[PDB]
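Protein chains in written order, with the deposited numbering: chain B, 7 to 340; chain R, 597 to 757, 768 to 845, 847 to 885; chain A, 9 to 47, 205 to 252, 263 to 304, 307 to 364, 367 to 394; chain N, 1 to 127; chain G, 8 to 62.
Here is the structure we will look at, set down as structure tokens.
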């Protein structure tokens, strides 16, 4: 079937070329860019002990969750720089944390092969573990809450999995990736999702159907970063090849490349603003090189982190950008 | 306008000859003045640059640099300013000169007591508020010791009736020199103890070809010397050699904060990297 | 408002209770001295030697691809590299894994303890007559002068184990930038825990010397 | 698409020269450290050789160190591997394993099972 | 293996068959959203501290 699989790979890449037309860099070249942003470090969220391997914001955009390999999980109050609900973790090495949209439940997960969910608003006022979602044979790398009871989890066993807290088991398993899957993103209309793995591919998924519908094979290296465009009709991924590229769901190809020749470092966290024309990508040169997101113009450098920025996310209403990094502090950007 | 820097650790307490005194004073102002200006560059760099205060050595370095700058300021304005016939200021400037020297001494000892908690006791050395609890022993206990001297005899300080320093012999040999010795013996039993434990790992050869001497290595050994203030132990060689090592006391200890800028702020690789971005 | 002031007061009180908790288990955590092993989920053996915590991490359940979860262990005290010491060609897989760990841009800051765990198993294979074909430069290799483990040990076993040791240490010296150092060993061996203690002692000593730029 | 179409192999007598090549398109060849990994049946994935960017660091496994040489072509975007004086022990399935991150000197998981930047492979049978 | 190869070619069969529009309409709708929410984006322009909760 190896001879057969090359034929539909050649047929799909011609369907990209049949809809190649004009690229996004040529069309958007006429209109005015936003120019230089000059984001500044509003608030430094100090208190994490080891490297901050993962973070997530909230729908309320006030509380953010951030996960560090010390064994902690602090729901940071980003408006006043306050720590609320510092979860002590069973696993010392946590690589994911999704702040639940509703806000009641908080995920974690990592090398323990368990995505453990913590309910913040317990009846006793002390945060405990609701259900430990064991079942993955690989490391938990990204998690995203569908709602208060549904949580798809990216994992290192080449399979993402949709779980249910009420039963503690997998609703469905997404067995399409061929390498250990790194980042995860849910659409704003929460009907479908796309996850990036350590492949050349970041293939799209369906929540209710449970399996891959379209595959976006655009990066050279390990896609550590993924985030939808704010409509949900597109998404940008980021990998270790020092290029982050955007892909459209209605299309099938790479849109246009956000790369610069000075960048010789990997990408770990991409995130999108309220408007689509801004892309916050987090890099391995200890900075977050933000782009214009439509013109390959580096809109700014979010320097100020001494170690590698491993998780940068933006607020749901577009207020701020908080880039957690490996130097054990998050920083709020505006 | 004339002062010798060795007045702080003369240990003989004899007045230096007026021939050399002028020379040492020229060494002291070109030394302490170029330090002060350079130390200020070090403290403007470190507090401003958070990126360089992540390790505990640099936070103790700031409190050593703030000790040595405030020592080098309170030494220039004791001398350039005329304190003759003004007793309150004289005891005050001399109280601050003693305090900013005793915090200068123990923040080399706290560089060494950190090195006890880094290199010979390597584990279970985390102390909650590590730098703040070193401010209780680095800035607070020298503020206690100066307060005992004031509580002893407020007329200890200043001139007898000229540099405003401690007046009594028994106070100076206990509260400066005896304070220096319990820090210098702490320092050199944690200076060569760094050196034996850093030449040991230079004696370990992974493929049989070890690196004896490096450009960073030569920078680091001399940098360790002015970090711990081992050239403040040129005082012990005072009195024969006496005429020689008081000159070496004025070259290597006036320029110590200049050399701390040189060895920990101008040749430190992460610190110089932040200067290009400003 | 007063209700806004009431919520911020409770938020600050919960924050300071959390700060008290995080100071307490910062005091726990900095005393932990984590290590990483190679060669369910992640396994924990919190062994104490000389009243010093050491929090070992066997990570066997994660699969063969390890390029992204080995980046968990750049802030670790040490990477205890267990080598099967016998040569699929599992020993050269350990050399390539050590070369990948050594030259990794995050693991450049953290040190590796090498142990060669199946050393007692190596003695039967080399005395019977099997690494000469599996390594060409073993013929051209010579025994170092500081190479006496025990007088009853055969010089062929000693030459083989020191060749395997310096085969890792060719990666440790001949490399680019990176602030980390290798500690090879030769292992029933009840002295291994002590060897981990002495090597992590020298690791945190060297980390403090590099913090002072003494290295 | 990063696809890795290897070429070569077949029924070749031991001691006979063979040119191993992979197509290796979809990624920038000048940035990536490049690899060769073999896998015998019932044995497992075994690393053979690596070449760095522009051939700076070239190392070999000890089975083939004195008898193999590896070359790469940055302009033609193609990795090569000469084989000389073959013993019949290395009848393995050779596979042009690519290192995951380009600008890093390290190279993980090219002997890992189900690796994404590893080709389908060409059967190299010697008898 | 043959099972994962069959799953891969089945994914390739059903992946091509889905609707695939020309990319100029898709990028045009992306720019339509960008502008459509640039006035609602608090990150393109520097927001004054009267309504910015991070000063």
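We put the CB at the ideal spot given by N, CA and C, even for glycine.
Taking 7 Å as the threshold (beta carbon to beta carbon), is residue 627/R in contact with chain A? Taking the second chain and counting its residues from 1, the one referred to as residue 627/R is at position 31. No, because no Cβ of chain A sits closer than 7 Å to the Cβ of residue 627/R.
Anything in chain R within Cβ reach of residue 333/B, meaning under 9 Å, just list it in chain order. By one-based count along the first chain, residue 333/B stands at place 327. Simply 647 and 650.
Taking 7 Å as the threshold (C-beta atoms), are residue 835/R and residue 704/R in contact? Start at 1 with the first residue of the second chain, and residue 704/R comes out as number 108. Start at 1 with the first residue of the second chain, and residue 835/R comes out as number 229. Result yes, Cβ atoms of residue 704/R and residue 835/R sit closer than 7 Å.
Between the region 261-279 of chain B and chain A, which residues of the former have a C-beta closer than 7 Å to a C-beta of the latter? none
Suppose the cutoff is 6 Å on Cβ atoms and the five residues either side in sequence are ignored; what does the same chain contact list for residue 280/B look like? Position 274 of the first chain, counting from 1, holds the residue named residue 280/B. Contacts found: 324.
Residue 260/B - DSSP class collapsed to helix/strand/coil: If you number the first chain from 1, residue 260/B lands on position 254. Looking at residue 260/B - three-state DSSP - the assignment turns out to be strand.
Spatial neighbours of residue 209/B within its chain, please: CB distance less than 6 Å, with the 5 preceding and 5 following residues excluded, ordered by chain position. Within the first chain, the letter at position 203 stands for residue 209/B. Within the same chain, residue 209/B has close Cβ partners 182, 218 and 221.
Here's the rule: buried if 16 or more other CB atoms are within 10 angstroms of the residue's CB, otherwise exposed. What is residue 856/R? In the second chain, residue 856/R corresponds to position 249, counting from 1. Looking at its Cβ environment, which holds 16 or more other Cβ atoms inside 10 Å, residue 856/R is buried.
Contacts that residue 232/A makes with chain N (C-beta to C-beta distance below 8 Å): Here residue 232/A refers to the residue found at position 67 when the third chain is read from its first residue. Within 8 Å Cβ-Cβ: 100, 101, 108 and 109.
Can you name the residues that DSSP bridges to residue 112/N? As a first step, residue 112/N is located in the fourth chain; it is residue number 112 there, counting from the start. DSSP output for residue 112/N lists no bridge partner at all.
List the residues of chain B that residue 225/A touches, going by C-beta distances under 8 Å, in chain order. Taking the third chain and counting its residues from 1, the one referred to as residue 225/A is at position 60. Neighbours of residue 225/A on chain B: none; closest Cβ ~11 Å, over 8 Å.
Rounded to whole angstroms, what is the Cα-Cα separation between residue 393/A and residue 884/R? The residue you call residue 393/A lines up with position 214 of the third chain. The residue you call residue 884/R lines up with position 277 of the second chain. Cα-Cα distance, rounded: 26 Å.
Neighbouring residues, chain N, relative to residue 353/A (Cβ below 9 Å): Indexing the third chain from 1 puts residue 353/A at position 176. Those are 105, listed as they occur along chain N.
Taking only runs of the alpha helix (DSSP H) that begin and end inside the region 83-168 of chain B, which ones reach a length of at least 4 residues, in chain order? none
For residue 312/B, decide whether its Cβ has a neighbour in chain R, counting only Cβ atoms nearer than 7 Å. As a working note, residue 312/B is residue 306 in the first chain. For residue 312/B, the answer is yes, since a Cβ of chain R falls inside 7 Å of its Cβ.
Comparing the C-beta of residue 73/B with each C-beta of chain N, is any distance below 7 Å? Taking the first chain and counting its residues from 1, one reaches residue 73/B at position 67. No, because no Cβ of chain N sits closer than 7 Å to the Cβ of residue 73/B.
Please check the pair residue 34/B and residue 21/G, which I expect to be a contact at CB under 8 Å, by giving their CB distance rounded to whole angstroms. By 1-based counting over the first chain, the position of residue 34/B is 28. By 1-based counting over the fifth chain, the position of residue 21/G is 14. The Cβ separation is near 32 Å, so there is no contact.
Boundaries of the alpha helix (DSSP H) in which residue 832/R is found, first to last residue: Position 226 of the second chain, counting from 1, holds the residue named residue 832/R. It spans 821-834 - the alpha helix (DSSP H) in which residue 832/R sits, taken as one unbroken run.
Do we get a CB-CB distance below 7 Å when we pair residue 270/A with the residues of chain R? In the third chain, counting from the first residue as 1, residue 270/A sits at position 95. Answer no: the Cβ-Cβ gap between residue 270/A and chain R never drops below 7 Å.
Proximity winner among 693/R, 881/R and 829/R, relative to residue 859/R (alpha-carbon distances): For this step, residue 859/R is matched to residue 252 along the second chain. When each option's Cα is compared against that of residue 859/R, the closest is 829/R.
Which same chain residues, not among the five before or five after residue 206/A, have their C-beta less than 6 Å away from its C-beta? Here the question's residue 206/A lines up with position 41 in the third chain. Counting only Cβ-Cβ distances below 6 Å, and skipping sequence neighbours, we find 226.
Check the Cβ-Cβ distances between residue 237/A and every residue of chain B, and say whether any is below 7 Å. Counting from one through the third chain, the residue named residue 237/A turns up at place 72. Chain B contact via Cβ: present.
Beta-carbon separation (whole angstroms), residue 54/B vs residue 275/B, contact threshold 8 Å: Numbered from 1 along the first chain, position 48 holds the residue referred to as residue 54/B. Numbered from 1 along the first chain, position 269 holds the residue referred to as residue 275/B. Contact doesn't hold; Cβ gap of about 16 Å is too wide.
Does residue 145/B get closer than 7 Å to chain G when you measure Cβ to Cβ? For the purposes of this step, residue 145/B is taken as the residue at position 139 of the first chain. Answer no: the Cβ-Cβ gap between residue 145/B and chain G never drops below 7 Å.
Assigned exposure category for residue 99/B - 16 Cβ within 10 Å defines buried: Mapped onto the first chain, residue 99/B falls at position 93. Buried.
Which residues of the region 267-301 of chain A have a Cβ closer than 7 Å to any Cβ of chain R? Give them in chain order. none
Pull up the distance between the alpha-carbon of residue 35/A and that of residue 26/G, whole angstroms please. If you number the third chain from 1, residue 35/A lands on position 27. If you number the fifth chain from 1, residue 26/G lands on position 19. Answer to the nearest angstrom: the Cα atoms are 58 Å apart.
Less than 7 Å between C-beta atoms, sequence neighbours within five positions excluded: which residues of the same chain meet that for residue 321/B? Residue mapping note: residue 321/B aligns to position 315 of the first chain, counting from 1. Here the set comprises 63 and 67.
Mind checking whether residue 267/B and residue 246/B have CB atoms under 7 Å apart? The residue you call residue 267/B lines up with position 261 of the first chain. The residue you call residue 246/B lines up with position 240 of the first chain. No. Outside cutoff.
Need the endpoints of the alpha helix (DSSP H) that residue 668/R sits in, please. One-based indexing of the second chain puts residue 668/R at position 72. That run of the alpha helix (DSSP H) goes 652-675.
Could you check what DSSP says for residue 628/R in three-state terms: helix, strand or coil? On the second chain, position 32 is the one that residue 628/R refers to. Reduced to three states, the DSSP call for residue 628/R is helix.
Beta strand (DSSP E) segments (min. 3 residues) lying fully within the region 212-295 of chain B: 218-220, 229-234, 240-245, 250-254, 260-264, 273-278 and 285-289
Measuring only the C-alpha atoms, how far is residue 109/B from residue 81/B? Taking the first chain and counting its residues from 1, the one referred to as residue 109/B is at position 103. Taking the first chain and counting its residues from 1, the one referred to as residue 81/B is at position 75. Rounded to the nearest angstrom, the two C-alpha atoms are 10 Å apart.
Of the choices 46/B, 233/B and 118/B, whose alpha-carbon is the least far from that of residue 306/B? As a first step, residue 306/B is located in the first chain; it is residue number 300 there, counting from the start. Among 46/B, 233/B and 118/B, the Cα nearest to that of residue 306/B is on 46/B.
Since residue 209/B is in the alpha helix (DSSP H), which residue starts that stretch and which ends it? Here residue 209/B refers to the residue found at position 203 of the first chain. No alpha helix (DSSP H) holds residue 209/B; DSSP gives it neither H nor E.
Three-state class that DSSP yields for residue 752/R in the structure shown: Within the second chain, the letter at position 156 stands for residue 752/R. If DSSP states are grouped into helix, strand and coil, residue 752/R belongs with the helices.
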